[PDB]
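For reference, the structure discussed in these notes is given below.
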Amino acid sequence: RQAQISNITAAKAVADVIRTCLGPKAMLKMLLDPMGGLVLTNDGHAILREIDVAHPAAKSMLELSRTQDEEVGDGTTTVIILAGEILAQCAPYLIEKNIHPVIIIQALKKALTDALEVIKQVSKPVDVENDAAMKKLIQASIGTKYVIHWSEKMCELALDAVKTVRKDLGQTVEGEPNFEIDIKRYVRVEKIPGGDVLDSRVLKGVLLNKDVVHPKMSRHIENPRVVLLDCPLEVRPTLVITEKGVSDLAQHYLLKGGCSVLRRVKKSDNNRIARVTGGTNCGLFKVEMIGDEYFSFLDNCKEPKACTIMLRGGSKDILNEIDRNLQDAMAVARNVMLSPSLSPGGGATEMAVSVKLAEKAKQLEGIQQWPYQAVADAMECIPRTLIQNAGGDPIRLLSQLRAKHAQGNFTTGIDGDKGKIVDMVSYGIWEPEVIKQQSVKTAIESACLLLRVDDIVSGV
Amino acid sequence: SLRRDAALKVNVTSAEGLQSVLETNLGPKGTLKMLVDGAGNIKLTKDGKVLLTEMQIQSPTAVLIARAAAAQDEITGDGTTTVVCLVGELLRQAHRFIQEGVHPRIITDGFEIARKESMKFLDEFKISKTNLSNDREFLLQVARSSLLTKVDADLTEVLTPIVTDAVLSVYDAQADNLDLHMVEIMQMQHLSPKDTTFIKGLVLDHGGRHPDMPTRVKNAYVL
Amino acid sequence: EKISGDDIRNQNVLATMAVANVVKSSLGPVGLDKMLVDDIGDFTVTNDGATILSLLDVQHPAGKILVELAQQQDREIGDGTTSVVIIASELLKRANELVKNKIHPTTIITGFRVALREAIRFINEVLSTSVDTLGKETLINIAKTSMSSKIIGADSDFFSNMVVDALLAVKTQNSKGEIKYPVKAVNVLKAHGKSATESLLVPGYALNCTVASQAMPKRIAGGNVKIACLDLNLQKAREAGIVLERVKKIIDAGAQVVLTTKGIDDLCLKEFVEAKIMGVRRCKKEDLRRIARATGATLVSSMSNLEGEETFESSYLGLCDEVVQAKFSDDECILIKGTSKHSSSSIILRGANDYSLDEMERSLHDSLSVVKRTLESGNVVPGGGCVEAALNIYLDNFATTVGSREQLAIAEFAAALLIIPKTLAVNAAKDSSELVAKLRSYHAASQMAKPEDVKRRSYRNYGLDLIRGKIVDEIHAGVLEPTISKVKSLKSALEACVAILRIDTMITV
Amino acid sequence: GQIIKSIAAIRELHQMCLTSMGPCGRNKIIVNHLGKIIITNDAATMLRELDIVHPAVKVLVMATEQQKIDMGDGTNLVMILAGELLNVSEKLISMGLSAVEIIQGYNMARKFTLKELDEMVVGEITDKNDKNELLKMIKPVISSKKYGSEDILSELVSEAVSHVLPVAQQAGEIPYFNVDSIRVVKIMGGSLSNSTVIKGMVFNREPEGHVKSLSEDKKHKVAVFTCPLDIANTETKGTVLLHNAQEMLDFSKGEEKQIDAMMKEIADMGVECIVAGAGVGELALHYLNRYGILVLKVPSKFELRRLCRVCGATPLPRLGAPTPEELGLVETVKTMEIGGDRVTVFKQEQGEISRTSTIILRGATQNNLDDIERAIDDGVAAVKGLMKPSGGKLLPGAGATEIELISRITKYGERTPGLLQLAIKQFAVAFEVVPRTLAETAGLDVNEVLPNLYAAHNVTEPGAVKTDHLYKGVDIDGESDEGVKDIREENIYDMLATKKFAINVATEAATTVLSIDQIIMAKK
């Protein structure tokens with residue numbers, strides 16, 4: 001039974017340290033490196049990567065933070081703390097009560113479905129087609145950053161950036177595609193120095209920096225046809241694009257054929273060209289120079305769900321700050337398109353599940369009823385952690401907040417600025433449901449895997 | 001079976017040790033500290049930032065204190081020791097409130113609220129001085145503030161006209177700015193510090209060696 | 001150093017105890033995964049007990065014997081390695097207890113060898129082929145429990161009847177009456193027609209394609225029809241005189257069904273209208289290779305062989321009954337039944353959307369894998385503890401028939417088999433003391449009237465179901481194991497146990 | 001964190017009492033420093049034979065004696081419940097809830113429990129004092145102590161109680177049953193089936209005379225003499241000495257004539273039994289055999305007190321003055337062989353109803369013989385609980401009471417707003433130790449019986465009024481069973497006076513421990 005305690009305390013010590021990283025009031029942390037430097041930032045994703053751990057269960061929690069950070073921008077520490085508290089509340093049940101671990105694991109699988117159904121009832125509908133409403137939802141990830149001066153322009157740029165990659169399609173014939181939104185590959189951006197932030201537009205297609213290889217050639221084609229190939233030159237298409245370079249000999253041979261030669265094209269861009277091409281039905285071939293650099297337009301009249309966003313600004317340092325800020329802003333807007341629902345923040349959603357779980361578990365009357373109380377207590381620790389960071393009494397503010405759910409609504413959370421129980425909807429505090437769905441599901445799934453290992457095998 | 005860790009009692013105390021060191025040398029009545037490398041290097045400096053670069057501190061609390069002065073020398077250029085005294089003493093005054101159960105966020109947020117209110121009182125307390133070039137008589141007393149701090153005040157009267165006339169000679173009267181890079185500092189030993197004088201031009205290293213070279217030449221052409 | 005005496009015998013028990021604890025929690029499907037950490041600091045996550053023993057680092061003369069024992073079961077059977085280590089571990093613990101009883105190790109070894117030969121004979125008496133096909137259902141519960149982790153498991157009750165009946169007739173003599181089921185057969189299609197429960201079993205080959213121009217009749221040659229499998233296209237070759245000669249050899253050969261991988265042109269299609277020949281455009285190459293074996297035809301590489309050009313009439317034409325095209329919703333397929341020799345069939349799954357059918361088609365092949373492996377061996381035995389529990393009681397009364405200091409070795413050998421159902425119920429959270437005890441009570445009265453060839457309430461083959469937490473027959477529950485797996489696992493487990501007990505001295509420089 | 005370690009020190013002794021309560025319980029052998037082995041199953045008696053180190057444990061020991069002195073039953077319920085109240089409070093003390101509001105929560109939960117105890121009464125004892133009616137109260141008392149003797153000892157204890165109680169009804173002014181009315185004696189040999197019930201004290205000593213027993217005459221006169229039998233002399237000194245052989249014949253014959261003259265006046269008054277608390281001379285036993293007077297010597301002053309309440313005899317400070325006013329009357333006294341040895345017992349017939357009885361025990365096991373001696377004493381205090389303070393009311397036992405209180409307390413938890421909800425919920429969970437202890441010691445799985453106990457008292461009935469079976473308790477099994485069984489079959493009930501008194505003592509016991517945040521000690 002000693003191995004079960006070591007498996008719990010492995011993720012328990014890591015979770016207890018990052019408890020102060022949750023919320024806008026999160027306290028700063030200080031790590032001591034062997035070098036004279038130190039890490040003063042409170043970001044949980046940066047701190048967990050610099051911590052060296054021994055027990056392998058702590059390494060599994062670090063891999064969960066890396067996967068959670070790729071899906072959504074924030075809420076990385078919420079998943080680790082929630083998964084660590086479940087093992088702490090189930091520690092006396094697994095050890096002192098002598099309960100079989102699969103019974104706890106089987107109960108967590110049933111509690112995972114019940115936790116998702118409560119969040120769907122607490123969530124409220126939202127209009128995803130309103131352009132003015134989406135700018136306010138993204139604004140939560142805009143303000144309190146260097147882009148606050150451009151926040152008016154950032155909300156418009158991040159709006160068209162999300163609307164570009166997404167495509168709305170649904171039916172019962174081929175199923176639900178879920179819009180097939182990918183931020184990494186498809187929303188990948190190319191930074192162009194110079195220009196203006198307001199003038200920056202989102203173009204659908206692949207942007208190349210190579211110009212025409214011939215001095216006299218047509219710069220505008222009615223119906224251009226893009227053709228991709230591998231082997232360099234050294235159907236009668238209207239354009240010829242080569243991945244590698246093209247010798248000057250092939251320039252005159254293809255000149256009489258009425259096609260343009262374009263060399264030096266990256267391999268990663270050729271995969272995205274197949275989305276806009278497959279080259280018929282190509283909208284605009286215009287090569288017009290922008291920012292003292294010759295460009296090319298592969299765009300069209302269609303929505304392939306693949307593109308390269310053109311970013312412009314006052315300098316390269318400005319584009320570097322917009323880069324990581326735009327990806328975090330689109331992650332919040334992406335969760336809005338995954339479903340037209342929003343959940344109250346500040347711990348209101350965390351308390352809404354704990355209240356409904358305790359009432360539903362009493363009607364089951366089974367062996368799984370006991371670990372449900374441990375899950376309900378773990379759901380209350382997330383808003384209680386913010387109370388400890390807000391200076392308020394964690395004993396008094398937790399009991400008074402739980403009693404209000406039985407009378408009032410489930411949208412009443414805790415404010416970071418004030419520190420007293422207040423309503424999230426009226427005071428303008430909102431969070432998407434997808435973060436709540438990924439926080440509960442991944443924490444329970446990771447907590448079950450840690451309890452499945454009763455022995456640590458040493459060997460190669 | 002486990003509740004928190006209380007923490008603290010390590011950063012405040014470590015910052016109190018740095019305060020007691022830099023409390024004695026602050027101001028014109030301060031003391032002149034001496035550091036020893038061990039290779040034969042001996043430097044006597046009353047500035048806080050200059051000494052922190054030659055001292056290695058294992059405590060990470062004092063590391064950020066030395067890094068906080070990095071923006072002070074590149075912008076303000078003076079008062080690096082005064083800033084450290086305000087950081088250390090603020091922790092001692094807040095130490096009594098932490099033991100009483102006051103949460104540090106209210107202590108932290110209470111400092112930012114008082115900081116914004118201090119900026120409003122800062123603009124009312126300041127005095128606007130004209131840009132006219134007749135203020136050189138008033139600039140003599142202003143230059144003494146920086147001079148009297150780093151010396152024993154015996155060399156202040158000698159260095160007062162040198163520092164004052166160095167900036168005003170290269171500065172025409174307009175908004176513009178002043179560039180201190182055009183002022184070069186050279187040193188030669190085997191002489192007393194009271195012989196320091198002001199040089200309008202540039203000093204050259206290698207001089208002409210010959211008995212018949214004229215010592216004084218008036219109104220000469222440079223080629 | 002040189003050691004001997006009771007010290008080396010105690011180290012052999014402590015060595016196999018730590019090895020058994022590694023595979024103790026991994027036994028059975030209810031087992032749980034473990035982590036293997038090296039000195040580099042990396043780790044791995046797997047639930048397979050065979051891969052754990054391969055990377056398990058143990059320094060011990062008897063411990064390395066179990067390492068080679070684990071590799072012997074993987075290179076041959078590939079399954080049951082976890083159960084072999086547990087059996088050999090309990091035999092060493094009970095053999096060391098006989099040292100204080102003044103029992104000689106050779107008698108312990110001889111007592112196992114004599115009992116092992118007689119145990120296989122008793123196992124061969126309860127072996128039976130596939131039964132309960134009429135009046136009961138066996139193979140149905142196999143696909144039901146395997147699909148319980150997928151959405152298809154809800155409708156798997158209706159879907160299992162189509163898979164079991166199909167595969168039942170797929171068996172053929174192969175080479176000299178082998179009766180070995182193929183690893184890949186019954187190509188599964190998809191359609192949007194109606195709901196998921198409306199899927200119908202088609203007793204025959206089914207190809208997904210259309211007739212292109214509808215001017216051709218969909219049903220022709222009811223009595224007899226010949227299907228022509230041609231990889232070479234009838235379309236104009238990139239020229240008009242060659243493609244007309246290829247069609248001339250078709251209508252003259254009497255082939256009412258023509259399959260072309262690259263399609264058929266419009267000019268060559270007009271000749272098929274007057275001859276009532278059904279053409280198909282854009283055939284799949286992977287589909288037509290199986291048609292040659294199902295319809296008795298042969299894939300035609302090219303018509304340019306030697307100096308002649310022709311389709312080799314009657315040589316590549318297979319015997320079939322009738323080719324009829326039934327109207328289906330969404331995509332329409334082709335029904336081919338009554339060929340020369342097929343014995344196979346096809347399953348067209350109709351459902352709401354293809355998103356769910358993609359998960360059902362992949363789960364169907366995974367569920368079919370468990371079915372085809374069990375049916376591969378015509379001689380099977382019920383598992384779930386039926387082998388260890390039934391043999392435990394039989395060796396109790398049989399141990400008296402031998403005697404002469406060997407009865408104590410047989411009694412300890414039989415009681416050592418109860419550890420398999422014991423540790424199996426540990427991962428299921430069920431009490432292992434009550435299940436193993438009550439399991440012996442049911443088999444005790446079951447073998448009393450067995451040799452009398454008369455029975456009333458006496459039934460054999462009681463298993464252990466850990467999913468529902470009750471004692472039921474594993475034959476009807478869907479848990480079956482081949483004879484090759486159990487015989488080689490029990491015989492090889494004793495081979496490694498003997499070599500450990502024969503070492504009285506360890507010499508290490 | 002001494003308040004946590006103080007609970008851990010009690011936790012070491014908590015598991016000791018968990019192995020006591022219940023039919024699986026067992027006595028503990030303790031060897032005293034004087035070389036005496038005391039063996040008893042009762043945990044309250046064991047606490048007096050154990051050396052207590054931590055002074056915080058003595059608080060629970062002093063609270064345990066409160067249960068034994070007054071009610072005499074439920075000592076295991078007080079110590080075990082008080083130990084669990086500290087474990088459920090350990091989570092509250094750590095959670096950050098102050099121990100002040102923890103104490104305030106128990107005071108509010110205690111008043112809510114006392115009001116519900118009056119509504120949980122099912123049956124009521126009519127105090128008929130019938131032999132069959134006493135079998136319902138005595139059976140659970142013998143239960144959870146010694147197994148297999150509950151059927152035999154039920155008829156032996158209930159028979160001795162009906163002998164000392166007069167015939168009365170609906171009168172609570174004058175008390176009748178005391179704690180000394182039942183004496184327990186033991187003798188080697190025999191079994192429990194051969195044991196009988198005596199209506200009076202039993203003397204296992206020898207008569208010390210040639211007269212084995214008296215006659216069958218009605219109302220035998222018994223006289224208790226504190227002065228020893230000898231010639232009357234001066235109270236101060238008065239040592240008989242012989243100076244010469246001439247005074248030898250006068251002093252020897254003088255003692256013969258003086259004693260015979262005093263014994264003649266006693267026999268003429270009709271006194272056939274003389275009780276001498278002091279030693280008896282040689283010449284005294286010779287005259288008592290001719291007059292047919294039974295010789296009885298009781299040096300213990302405690303046995304003489306219960307004898308005066310039966311026949312009515314009084315001890316006389318002098319010798320030779322048989323005052324008939326202070327003499328006692330016994331119907332029948334006989335000397336019979338019970339248990340293999342001939343002993344002279346004391347009993348009655350009709351008149352002069354005895355207020356004190358003695359039960360004779362027989363058995364071949366010496367260890368179990370002393371265990372029954374301590375088990376009957378716990379049954380004596382059970383009869384005392386039949387008085388006016390809720391003597392007739394009863395509550396279902398065998399774990400049915402502690403589980404049913406969970407649903408009623410949690411119902412009042414959400415009703416009372418504020419921080420008291422933390423202590424109210426933990427107060428009901430602390431009652432789960434009683435059913436878990438009986439299930440764990442019986443070998444039953446916690447994952448099996450425990451979830452069936454919660455589903456027994458909590459069901460969904462299509463109606464406002466409760467129905468189906470509310471009598472389902474905790475079953476020890478031991479052979480086989482499915483689920484639980486009804487308690488009304490075996491008629492195992494707990495008195496309200498015992499259960500209500502045990503809750504208030506256990507509440508104040510845990511209140512004292514939680515209120516102490518510091519302990520100051522000094523070496524001796």
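Chain identifiers are assigned as A, B, and so on, following the order in which chains appear in the structure tokens; residues are numbered from 1 within each chain, and ligands are numbered from 1 in order of appearance.
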Contact residues (chain D, partner chain B, 12 Å, only C-alpha atoms) as a ChimeraX atom specification: /D:1,4-5,87,90-96
Can you write out the residues you just picked, keeping C-alpha atoms, as a compact mmCIF listing (two decimals), in the first residue's frame?
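File written: part.txt
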```txt
# COMPACT_ATOMS: atom_id res chain seq x y z
CA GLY D 1 0.52 20.07 16.16
CA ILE D 4 -3.15 15.91 16.27
CA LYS D 5 -0.64 13.74 18.14
CA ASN D 87 -11.01 11.57 14.05
CA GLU D 90 -9.09 16.04 12.78
CA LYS D 91 -10.18 16.87 9.23
CA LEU D 92 -12.02 19.97 10.47
CA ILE D 93 -9.11 21.20 12.59
CA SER D 94 -6.81 20.80 9.59
CA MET D 95 -9.29 22.30 7.10
CA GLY D 96 -8.99 25.63 8.94
```
Proximal residues of chain D relative to chain C (only C-alpha atoms; 12 Å) as a PyMOL selection string: chain D and resi 443-448+480
Take the residues just selected and output them with N, CA and C atoms as a PDB file, in the first residue's frame.
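In the end it all went to again-v1.pdb:
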```pdb
ATOM      1  N   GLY D 443     -15.525 -10.288   9.699  1.00  0.00           N
ATOM      2  CA  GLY D 443     -14.999 -10.779   8.445  1.00  0.00           C
ATOM      3  C   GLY D 443     -15.780 -10.371   7.217  1.00  0.00           C
ATOM      4  N   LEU D 444     -16.860  -9.615   7.375  1.00  0.00           N
ATOM      5  CA  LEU D 444     -17.659  -9.184   6.241  1.00  0.00           C
ATOM      6  C   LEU D 444     -16.965  -8.050   5.498  1.00  0.00           C
ATOM      7  N   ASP D 445     -17.133  -8.041   4.178  1.00  0.00           N
ATOM      8  CA  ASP D 445     -16.494  -7.028   3.351  1.00  0.00           C
ATOM      9  C   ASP D 445     -17.156  -5.672   3.565  1.00  0.00           C
ATOM     10  N   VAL D 446     -16.330  -4.627   3.634  1.00  0.00           N
ATOM     11  CA  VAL D 446     -16.859  -3.274   3.770  1.00  0.00           C
ATOM     12  C   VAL D 446     -17.574  -2.851   2.494  1.00  0.00           C
ATOM     13  N   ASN D 447     -17.093  -3.306   1.337  1.00  0.00           N
ATOM     14  CA  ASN D 447     -17.711  -2.954   0.065  1.00  0.00           C
ATOM     15  C   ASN D 447     -19.044  -3.655  -0.161  1.00  0.00           C
ATOM     16  N   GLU D 448     -19.438  -4.573   0.721  1.00  0.00           N
ATOM     17  CA  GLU D 448     -20.665  -5.342   0.563  1.00  0.00           C
ATOM     18  C   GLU D 448     -21.734  -4.942   1.573  1.00  0.00           C
ATOM     19  N   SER D 480     -24.003 -17.798   7.066  1.00  0.00           N
ATOM     20  CA  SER D 480     -24.313 -17.325   5.721  1.00  0.00           C
ATOM     21  C   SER D 480     -25.534 -16.424   5.815  1.00  0.00           C
TER      22      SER D 480
END
```
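Taking CA of residue 95 (chain C) as the reference point, CA of residue 23 (chain C) is found at 20.7 Å.
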Test item: chain A residues at most 12 Å from chain C, counting only C-alpha atoms, as a ChimeraX atom specification: /A:3,7,52-60,98-106,170-178,367,448-460
What's the 10 Å shell around residue 163 (chain C), counting only C-alpha atoms, without same-chain residues fewer than 4 positions away, as an mmCIF file with C-alpha atoms, in the first residue's frame?
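The resulting result-v3.cif:
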```
data_model
loop_
_atom_site.group_PDB
_atom_site.id
_atom_site.type_symbol
_atom_site.label_atom_id
_atom_site.label_comp_id
_atom_site.auth_asym_id
_atom_site.auth_seq_id
_atom_site.Cartn_x
_atom_site.Cartn_y
_atom_site.Cartn_z
ATOM 1 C CA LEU C 139 -19.936 -16.729 -30.823
ATOM 2 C CA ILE C 140 -22.524 -13.956 -30.339
ATOM 3 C CA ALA C 143 -18.466 -9.836 -30.381
ATOM 4 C CA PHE C 158 -28.221 -7.603 -34.039
ATOM 5 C CA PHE C 159 -24.835 -7.172 -35.744
ATOM 6 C CA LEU C 167 -17.798 -16.497 -41.146
ATOM 7 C CA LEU C 168 -19.329 -19.905 -40.347
ATOM 8 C CA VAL C 186 -15.973 -10.232 -45.928
ATOM 9 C CA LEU C 201 -26.590 -9.609 -44.495
ATOM 10 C CA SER C 345 -20.152 -13.299 -48.115
ATOM 11 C CA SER C 346 -20.210 -9.521 -47.672
ATOM 12 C CA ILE C 347 -21.655 -7.190 -45.037
ATOM 13 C CA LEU C 364 -15.776 -4.962 -36.517
ATOM 14 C CA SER C 367 -13.951 -7.940 -32.951
ATOM 15 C CA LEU C 368 -13.620 -10.384 -35.855
ATOM 16 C CA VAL C 371 -13.571 -14.637 -33.282
#
```
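The chain A residues that come within 7 Å of chain D are residues 365, 366, 367, 395, 396, 399 and 400 of chain A, with only C-alpha atoms taken into account.
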Residue hits in chain A, query chain B, radius 9 Å, only C-alpha atoms, as a PyMOL selection string: chain A and resi 16+25+27+30-32+36-38+388-392
Residues of the last selection are to be written out with N, CA, C and O atoms, as a short mmCIF file (atom, residue, chain, number, x, y, z; two decimals), in the first residue's frame.
```
data_model
loop_
_atom_site.label_atom_id
_atom_site.label_comp_id
_atom_site.auth_asym_id
_atom_site.auth_seq_id
_atom_site.Cartn_x
_atom_site.Cartn_y
_atom_site.Cartn_z
N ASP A 16 0.56 21.22 -5.15
CA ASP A 16 0.51 22.14 -4.02
C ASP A 16 1.39 23.37 -4.25
O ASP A 16 1.11 24.44 -3.69
N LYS A 25 -4.94 37.27 -9.86
CA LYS A 25 -4.25 37.69 -8.65
C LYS A 25 -3.12 36.74 -8.27
O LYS A 25 -2.55 36.88 -7.18
N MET A 27 0.07 34.87 -7.32
CA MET A 27 1.30 35.39 -6.75
C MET A 27 2.51 34.90 -7.55
O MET A 27 2.51 33.80 -8.11
N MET A 30 9.54 32.13 -7.42
CA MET A 30 10.98 32.29 -7.58
C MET A 30 11.63 30.92 -7.54
O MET A 30 11.50 30.19 -6.55
N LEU A 31 12.33 30.57 -8.61
CA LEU A 31 13.05 29.31 -8.71
C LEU A 31 14.55 29.57 -8.62
O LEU A 31 15.05 30.55 -9.17
N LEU A 32 15.26 28.68 -7.91
CA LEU A 32 16.69 28.82 -7.70
C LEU A 32 17.43 27.86 -8.64
O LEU A 32 17.39 26.64 -8.44
N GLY A 36 23.50 31.99 -11.47
CA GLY A 36 23.05 33.15 -10.71
C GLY A 36 21.68 33.68 -11.11
O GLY A 36 21.11 34.48 -10.37
N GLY A 37 21.15 33.25 -12.26
CA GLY A 37 19.85 33.70 -12.69
C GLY A 37 18.71 33.07 -11.92
O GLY A 37 18.88 32.15 -11.12
N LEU A 38 17.50 33.58 -12.18
CA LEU A 38 16.30 33.08 -11.53
C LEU A 38 15.10 33.34 -12.43
O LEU A 38 15.16 34.15 -13.36
N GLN A 388 -8.00 31.93 -0.93
CA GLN A 388 -6.77 32.04 -0.16
C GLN A 388 -5.84 33.09 -0.74
O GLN A 388 -5.08 33.73 -0.01
N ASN A 389 -5.88 33.29 -2.06
CA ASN A 389 -5.09 34.33 -2.70
C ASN A 389 -5.77 35.69 -2.68
O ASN A 389 -5.12 36.70 -2.97
N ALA A 390 -7.06 35.75 -2.34
CA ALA A 390 -7.80 37.00 -2.27
C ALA A 390 -7.83 37.59 -0.86
O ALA A 390 -8.38 38.68 -0.68
N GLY A 391 -7.25 36.90 0.12
CA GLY A 391 -7.21 37.39 1.48
C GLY A 391 -8.43 37.08 2.32
O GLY A 391 -8.37 37.21 3.55
N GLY A 392 -9.53 36.67 1.70
CA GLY A 392 -10.73 36.36 2.45
C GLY A 392 -10.62 35.07 3.23
O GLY A 392 -9.71 34.26 3.04
#
```
DSSP helix (DSSP H, G or I) residues within region 229-407 of chain C, as a ChimeraX atom specification: /C:240-251,267-274,285-294,354-376,386-402,407
